[PDB]
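Q: Here's a structure for you.
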Amino acid sequence: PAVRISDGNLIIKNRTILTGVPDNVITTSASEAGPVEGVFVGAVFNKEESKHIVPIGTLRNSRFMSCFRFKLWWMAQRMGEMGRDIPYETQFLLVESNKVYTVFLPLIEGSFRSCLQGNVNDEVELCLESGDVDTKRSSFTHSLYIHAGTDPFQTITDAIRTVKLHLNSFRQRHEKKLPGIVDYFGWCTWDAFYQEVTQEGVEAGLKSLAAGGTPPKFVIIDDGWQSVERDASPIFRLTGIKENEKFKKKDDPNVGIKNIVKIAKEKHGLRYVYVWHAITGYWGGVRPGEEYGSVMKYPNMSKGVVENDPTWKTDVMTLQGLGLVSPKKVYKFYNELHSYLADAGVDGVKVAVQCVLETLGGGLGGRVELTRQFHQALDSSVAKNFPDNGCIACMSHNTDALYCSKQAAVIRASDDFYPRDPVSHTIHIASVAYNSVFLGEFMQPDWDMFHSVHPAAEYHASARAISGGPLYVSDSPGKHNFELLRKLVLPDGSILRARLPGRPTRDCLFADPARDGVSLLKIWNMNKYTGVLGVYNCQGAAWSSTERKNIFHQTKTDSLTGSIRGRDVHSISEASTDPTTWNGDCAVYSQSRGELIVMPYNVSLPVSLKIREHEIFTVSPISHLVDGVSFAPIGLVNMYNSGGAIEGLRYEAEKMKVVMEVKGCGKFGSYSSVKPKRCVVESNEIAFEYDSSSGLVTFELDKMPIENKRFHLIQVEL
Ligand SMILES: OC[C@H]1O[C@H](OC[C@H]2O[C@H](OC[C@H]3O[C@H](O[C@]4(CO)O[C@H](CO)[C@@H](O)[C@@H]4O)[C@H](O)[C@@H](O)[C@@H]3O)[C@H](O)[C@@H](O)[C@H]2O)[C@H](O)[C@@H](O)[C@H]1O
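For the sequence shown, the residue numbers in PDB author numbering are 5 to 102, 120 to 253, 264 to 749.
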């Protein structure tokens, strides 16, 4: 059978994972397709309730990684070995058996949402909640799915796919359409002006970035553009769907947000303009009234949320309530808002405050149903009005929204970049990476804005470059480091985006790089013909289970030594042009030191980093043309994700030749065991340098491709 409950134990491929599984916990592997390689898990209770806790069994001596909600809106990571260390509001749990990896996916079932939590006796408890005292139930069959496998990343993907086939309520990341913003540099107004943003400020930011040679091609007009008012520190509520006076042209107040849109696009060459709104309209919802059936609703506290984030009990939203648009009118609300924006030339929305819905289901069939209804309406309106799929999900890390993510393709992966909070930087990097392990199954992770002028700029920028996600700053106008931005952004505003969600390496999945005082975090991604690896020291700070907020904590050393290997890039074989004959040797380029090293298969290279330092490595499979003639493309060596520039690669061993298609401009690098005879770009021989000690070949790609002609055609004759 393979995953099974026997005697009182949960057994996975002949390893006991849980003991003391109680008799009322039921399993099934049946499906309409049919037998499934894991087990759905439920339980039967005596009483109908709107909340149940049930132990699934006892976990001891098994290393785990968990993603848990430290705030309502947002997850972070926790590792451990005992059930007692499993946080409240655990939404994703991965367990290592010492070789076999087991995923636990607590699910939505009917009107109920589940999560996991640990107890003092080391039990892993399943917590099932409808979010509404009127919505009650006494038995469940599919509230948790458990699946095991030998590759931890494949195990997670396979488990998600099985849940999808049972629920049919979401699609996997790879089945969705990415909006076109993810291929361009952008700018977000949020940290530049906060809610004091004006149309002149938007224009000044677009102009200042473009002037330094790194032109953004998308803009997010963040919180502050909307027409909002306090009731007749008081909460603001939405009072109409159009923009406020700061976005009406001063000249003609009848021309609204279309003015800044046309300025952005026609005068400054932007492609996309997005705006922020809350899933409820504004922070205080929408002012009560009959037009969208808005009525006052006050957040209901759930125990697990409040145990981890006690300030939510006295948040302005909790105490002052939200005007909640009616489910009967929610499509009308989004569709009138979004029709107005789209008719003004707006291409998408950043939709924030998403998880509040789970607290507002009391009148209305509970957390799952209300979430599903608002998302169904949001998705219809987005698909109508922003048909490039222009939606970024924000403050949305609840399983109620994840398991109905049928269309939206970009998700903010962590709590906000905080330019003024020194504790936040190392935390942010760990959180984006670990959360991306689970969130990247549903949507492309967005690792958030950052500042190009800031002590942690390079640390943040480097992580964005390897994230696979949208790349955007929130710089105040005129506060730019263009030397840093040139490592991210080409002269036409395009970026070198990697192909996958950036995630921790296999090595790092079970070792906490914020708390263990011993390990570096390694983040891997893939391009088409190289891998990429980012190494970070993020020790010294993390969410505290006793203070219930992010704090600094003590470290034994400042500096830590770890190591890298080619195969740390988990999917590196996929970059090889001949994976069946490849021996696993890679060329490894350090983009900060500018050093090229050949690393044989399995050979480790030491890396030492102090807290808040990082290093980026481009990792390229070596091709052996003939004895003594070996090559690997590196890419745009003065960019962080250098290998993202290589769009085609063919070896012609019979002519001793390499044929490449390369996007961008700047210095191009490659590994060759021999000095090339000639390097040719677009039919003309060009000069080049060769370091015979390292094998590094280097030449300049002078300008971006002429036309249109999207790539430089390069021939390296060995
Ligand atoms: O609004 C635009 C913003 O929306 C998303 O982020 C929202 C943000 O909300 C919560 O933090 C709000 C706020 O808290 C801190 O600010 C103060 C400082 O004491 O605390 C008050 C609110 O409680 C606030 O008035 C104070 O100024 C913080 O320093 C500040 O940055 C925050 O904005 C929530 O805790 C947080 O996790 C976030 O979700 C979106 O993610 C942003 O990109 C942006 O669009």
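Think of the CB as a built atom: it goes at the ideal place given N, C-alpha and C, for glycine as much as any other residue.
Less than 8 Å between the CB atoms is what I'm expecting for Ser661 and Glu646, so what's the real figure, rounded?
A: With 8 Å as the limit, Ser661 and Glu646 do not qualify as a contact, their Cβ atoms being about 24 Å apart.
Q: Tell me which residues share the same chain as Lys228 and place their Cβ nearer than 8 Å to its Cβ, disregarding the 5 neighbours each side in the sequence.
A: Cβ within range, chain order: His299 and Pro508.
Q: Quick check on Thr178: does DSSP put it in helix, strand or coil?
A: DSSP places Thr178 in helix when its eight states are reduced to three.
Q: Would you say the beta carbon of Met735 is closer than 7 Å to some non-hydrogen atom of ligand 1?
A: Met735 Cβ: outside cutoff for every heavy atom of ligand 1.
Q: Just to confirm before moving on: does the CB-CB distance between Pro501 and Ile202 stay below 8 Å?
A: Result yes, Cβ atoms of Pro501 and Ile202 sit closer than 8 Å.
Q: Extract the residue ranges of the beta strand (DSSP E) inside the region 693-743, only unbroken runs of 3 or more that lie entirely within it.
A: Entirely contained in the region 693-743, the beta strand (DSSP E) runs reaching 3 residues are, in chain order, 697-703, 709-712, 715-717, 720-722 and 727-732.
Q: Taking the alpha carbon of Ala47 as the point to measure from, which residue in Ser724, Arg709, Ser135 and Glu626 has its own alpha carbon closest?
A: Of the candidates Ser724, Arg709, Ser135 and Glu626, the one whose C-alpha sits nearest the C-alpha of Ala47 is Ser135.
Q: In terms of DSSP beta bridges, what is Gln81 paired with?
A: Looking at the DSSP assignment, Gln81 forms a beta bridge with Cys71.
Q: Judging by CA-CA distance, which residue of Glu685, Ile90, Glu692 and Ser264 is the nearest neighbour of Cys71?
A: Per the Cα distances, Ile90.
Q: Between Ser651, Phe719, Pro284 and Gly312, which has its C-alpha nearest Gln247's C-alpha?
A: With distances taken between Cα atoms, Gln247 lies closest to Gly312.
Q: Determine, using beta carbons only, whether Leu552 and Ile460 come nearer to each other than 8 Å.
A: Yes, the pair counts as a contact, with Cβ atoms nearer than the cut-off.
Q: Any heavy atom of ligand 1 closer than 7 Å to the Cβ of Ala573?
A: No, the beta carbon of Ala573 sits no closer than 7 Å to any heavy atom of ligand 1.
Q: Quick one: does the C-beta of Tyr560 sit closer than 7 Å to a heavy atom of ligand 1?
A: No; taking the cut-off as 7 Å, the Cβ of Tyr560 has no heavy atom of ligand 1 nearer than that.
Q: Any idea if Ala6 is buried or exposed, counting beta-carbon neighbours within 10 angstroms, 16 or more meaning buried?
A: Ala6 comes out exposed.
Q: Would you tell me roughly how many angstroms separate the C-alpha atoms of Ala444 and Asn466, rounded to the nearest one?
A: Rounded to whole angstroms, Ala444 to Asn466 spans 6 Å at the Cα level.
Q: Less than 8 Å between the CB atoms is what I'm expecting for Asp733 and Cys710, so what's the real figure, rounded?
A: Actually they do not touch by this definition, with Cβ atoms about 13 Å apart.
Q: Run through the region 498-561 for me and flag every whole beta strand (DSSP E) of 3 or more residues, listed as ranges in chain order.
A: Those beta strand (DSSP E) runs which fall completely within the region 498-561 and span 3+ residues are 502-504 and 552-557.
Q: What first and last residue would you give for the beta strand (DSSP E) that runs through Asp477?
A: Per DSSP, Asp477 belongs to the beta strand (DSSP E) from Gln475 to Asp477.
Q: Thinking just about the alpha-carbon of each residue, which of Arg8, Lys363, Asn65 and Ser654 is nearest to the one in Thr611?
A: Selected option, being the one with the closest Cα: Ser654.
Q: At which residues does the beta strand (DSSP E) containing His168 begin and terminate?
A: First-last of the beta strand (DSSP E) with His168: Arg158 to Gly170.
Q: Kindly identify the DSSP beta-bridge partner or partners of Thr592.
A: According to DSSP, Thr592 bridges with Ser639.
Q: What does the Cβ neighbour count give for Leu186, buried or exposed, with the cut at 16 atoms within 10 Å?
A: Exposed, because fewer than 16 other Cβ atoms sit within 10 Å of the Cβ of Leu186.
Q: Would DSSP call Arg302 helix, strand or coil?
A: Three-state DSSP puts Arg302 in coil, outside helix and strand.
Q: Ignore the nearest five residues each way along the sequence and tell me which others in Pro637's own chain have a CB closer than 7 Å to its CB.
A: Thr592 and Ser594.
Q: Grab the span of the alpha helix (DSSP H) containing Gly222 for me, first residue to last.
A: From DSSP, the alpha helix (DSSP H) with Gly222 extends over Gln220 to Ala232.
Q: Please report the distance separating the alpha-carbon of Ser264 from that of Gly562.
A: Cα to Cα, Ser264 sits roughly 50 Å from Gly562.
Q: Given a cut-off of 8 Å, decide if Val306 and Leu372 are closer than it, judged by their beta-carbon atoms.
A: In contact: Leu372 and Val306 (Cβ atoms closer than 8 Å).
Q: I'd like to check one pair, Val377 with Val292: are the Cβ atoms closer than 8 Å?
A: Cβ distance < 8 Å, so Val292 and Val377 count as in contact.
Q: Spatial neighbours of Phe174 within its chain, please: C-beta separation below 7 Å, excluding the five flanking residues on both sides.
A: If we look at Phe174 and ignore the five residues flanking it on each side, its Cβ neighbours are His601.
Q: What residue range does the alpha helix (DSSP H) around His456 cover?
A: Residues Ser455 to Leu470.
Q: Between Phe417, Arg681 and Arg643, which lies nearest to residue 3 when the distance is taken from Cα to Cα?
A: Limits of the chain in this structure are 5 at one end and 749 at the other, which puts residue 3 out of reach.
Q: How about the region 574-593 and the region 662-678: do they share at least three Cβ pairs that are nearer than 8 Å?
A: No, they do not touch.
Q: Measure the alpha-carbon distance for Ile21 versus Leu97 and round it to whole angstroms.
A: Cα-Cα distance, rounded: 13 Å.
Q: So, at 8 Å on beta carbons, what are the nonlocal neighbours of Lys363 in its own chain, with the 5 sequence-adjacent residues on each side left out?
A: The residues are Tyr323.
Q: Determine, using beta carbons only, whether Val387 and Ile310 come nearer to each other than 8 Å.
A: Cβ atoms of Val387 and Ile310: closer than 8 Å.
Q: Residues in its own chain within less than 7 Å of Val690 by CB, not counting five upstream and five downstream?
A: Result list for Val690: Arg681, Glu683 and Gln746, in chain order.
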